[PDB]
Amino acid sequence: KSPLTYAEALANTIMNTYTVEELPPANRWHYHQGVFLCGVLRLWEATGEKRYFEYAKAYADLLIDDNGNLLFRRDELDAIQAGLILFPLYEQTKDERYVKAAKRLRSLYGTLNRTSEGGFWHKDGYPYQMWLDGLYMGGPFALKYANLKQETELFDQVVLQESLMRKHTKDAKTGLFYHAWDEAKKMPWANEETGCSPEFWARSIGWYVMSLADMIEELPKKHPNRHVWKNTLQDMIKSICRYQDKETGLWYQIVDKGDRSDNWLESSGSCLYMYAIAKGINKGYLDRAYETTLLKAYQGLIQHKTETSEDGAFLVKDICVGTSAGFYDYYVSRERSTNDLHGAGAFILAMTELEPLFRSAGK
C-alpha cells in the first residue's frame, strides 16, 4: 500500500495498545517514547489528524507539570531525545511549559562529563564512551534549540560531537562506523589500539545517518558543515547500500556479516536507512537513483517484517530490543521484539519521508 497507510496503521495499533500512562517505559521521559512520538507528530503534520497531535501532547503533559518541571535521567544523552517533541508542541500551542522543559534538557549539555577533546560520555555509567546512538539522542535537539533560541554555540557543539565520533569510529575499509569508542580503553569491547567496539551494529549507524539527514537543514545558510555532513551522508549511504540484502531489500543486525547463519535481518536499522535515504533524496543530498534501493527496501520491509493480526493489529516484527555496545555474539543474541517503540518510531518516520517519493514514482 502507500507508506502513510502503514504508518497510520502502526501508530493507531500502538495508540490502541497503550494509554500514554502505559507507553513504555511507563511514566518515564525517555527516547523510546520520544522517537515513537516524533513519528506520530510527523504523521500529524502529514495527515492533519488531530488525534496524533493529542496523543503526543498527552504524553508530554503526563511528564511535564504546570510549571514546566520534568523528571528524567540527568546523566543520559538518552533523556534529551524526547525534547524533540517539544518544538512542534510549542509551535502549535505556544504553551511556554514546553520551552521551559526544553530549556531544562538543553541545560544538561553543560553538566555532562566529556572525553578529553570534548565528546559527551553516553552516560555517567559509560565513562569516556561515545556511542553513535548519542548523535541522534543529543544532536538534532540541540540544533532545534539553537534555531528556536538563537544560540549559535549549539551549532558548534553538534559539529564537534559529530566530528569526534566520525574521527574515531569510521572504518576506512568499509565506510561503516563502529558502534562505540572508549577513549579510556577500559571496556572489554574496546580495541586496544583504536578504542572502538568491534562490530557494525545496524541501528546505531541508522541513528547516525538519520541525524545527518535531518540536521543539515537546521544549520545557518552557508555553514561549513552543510557541505561536510552532506558529503558524510553520501559516503555513509553508499557504504550501507552495498550491504543491502539482495533477496529481501533489508539490512542485517550486523551490517557487514549477512552471510553468517547466526545473523538476521533487523527492522529498526532497516527503517532508519530507509528514512535517511528518502530524506536525503527529498532534500537533494542524495542522487535520485537511490529510489530503487529505497523501494526495494520498502517492498521487503512490508512483505517480510509486517503483518496484520487476527484482531487487526498492525505488527512490525524483528525490532532489536534496547542494546548496548559489545561483541558480535552479544549483538546477534539480542531479543527480536514486535512493535517496540523505537522501531515503531523509525518505521513511521520512514513512511512519512517515503510517501512523496512513492507518490511521484515513475514521473
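The numbering used is simple: start at 1 and walk along the sequence shown.
- According to the PDB record, 335 to 343 carries the higher mean C-alpha B-factor of the two stretches 335 to 343 and 349 to 357.
- When the C-alpha B-factors of 286 to 294 and 110 to 118 are averaged, 286 to 294 comes out higher.
- Of the candidates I319, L43, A60, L37, it is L43 whose Cα B-factor is highest according to the PDB record.
- The maximum CA B-factor among the listed residues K222, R74, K167, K238, taken from the PDB record, is found at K222.
- Sort the chain's modelled residues by C-alpha temperature factor and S163 lands in the lowest third, per the entry.
- For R51, the recorded CA B-factor ranks within the highest third of the chain. Only modelled residues enter the ranking.
- Ranked by Cα temperature factor within the chain, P188 sits in the highest third according to the deposited record.
- In this PDB entry, the Cα temperature factor of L70 sits in the middle third of its chain's modelled residues.
- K230: CA B factor lies in the middle third for its chain, per the PDB record.
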